[PDB]
């Protein structure tokens, strides 16, 4: 008769939106779904209290990077049955399928719900005035840096601010997504954060490939293509700066396309110049590959649930095509289920089509039980590198020393 589901604040009216999403299921099954919205400030510790105590909801949202840890606690019900009903492994991008279980595991313990991915938004008016061909700028790392250098030299002023635009706005260390902002560059240089090599998971942040990609990215800020002020800010603050006409290029997710249609009094930017001058391109091809950061959230069923068959029906509903389209639109995310990408709500919008192009390059972190420790240690040492950038002190050798320290700490944490 009732299911309890915990979600995070994924949409503008989290509880109301989720209740609208599930109303057809409630009517069809004659059950009530009770949703509780967990601040990302408290979600993780509420979810581990549920895991340790055996007292919790039926379903919980998990960040994709949380799946290995909570799975490793032995508290999640297998959901291979749900995933088979939805079309099995080949219904998902490989990157997304990796997030359905603890890394390496035979059985699924999480159902893909929606995907976060990042692509570059750009000011089409700024690139035109700089003489920057958007295709060349996003076809190679040399192209990207050459585009930022032309944007730096440009006399273009934003029509509202009457000031130059920064070529690239990115956070540095003061954001939740420090590693995610770096990951595409690591990967595109042929690197990785961790590798399963020489008979164990170990850091690869100090590999020559990883170092090349990290140095490429962080050196763009040292060369003057990123404002000093951006390095103090988080991702949300950078979004606001791009809305406000301060930034020619920045990475973000699909939600900005919706925000460009929403009035400022409702937290969008439809009244600003940027809303009418918006382009999107995937991350540029690196020397050793081309990768798009994927994250987002999955759903899991606690093994202590008293309602497992009904909760599995609700996972099949939430994971299936109609609800995938609807909730991706409510959240400004991309559906997890690839069949949902053909919906006209995506295909009729050229900017969302470019996000689907970006999705083809998708890559996630390994689903390690100890992922949060790896990421935390990687980000402490990436922040030390961003501190050198902020002072104009980043060199290849100083970066190598920081990633050797990171690698020692990560490798201890993985033992």
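Think of the rigid core as the biggest set of C-alphas that the two forms share within 1.5 Å after superposition. Residue numbers count along the first chain shown, from 1.
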Segment of greater CA departure in 6 other deposited structures of this protein, 100-108 or 129-137, core superposed: 100-108
So if we fit everything on the core, which stretch drifts more in 6 other deposited structures of this protein, 157-165 or 192-200, C-alphas only? 192-200
Averaging the C-alpha temperature factors as deposited, the higher value of 155-163 versus 237-245 falls on 155-163
Quick one: say whether 348-356 or 32-40 has the higher mean Cα B-factor in the deposited entry. 32-40
The largest CA temperature factor among 180, 90, 290, 106 is found at 106
Kindly indicate the residue among 305, 273, 140, 331 with the greatest C-alpha B-factor in the PDB record. 305
Would the CA B-factor of residue 253 place it in the lowest, middle or highest third of its chain? lowest
Using the B-factor values recorded in the entry, state whether the Cα atom of residue 410 falls in the lowest, middle or highest third among the modelled residues of its chain. middle
For residue 342, return the chain-relative third of its C-alpha B-factor as stated in the PDB record: lowest, middle or highest. middle
Pull the Cα B-factor of residue 324 out of the PDB entry and bin it into the chain's lowest, middle or highest third. lowest
Considering only modelled residues of the same chain, in which third does the CA B-factor of residue 188 rank: lowest, middle or highest? lowest
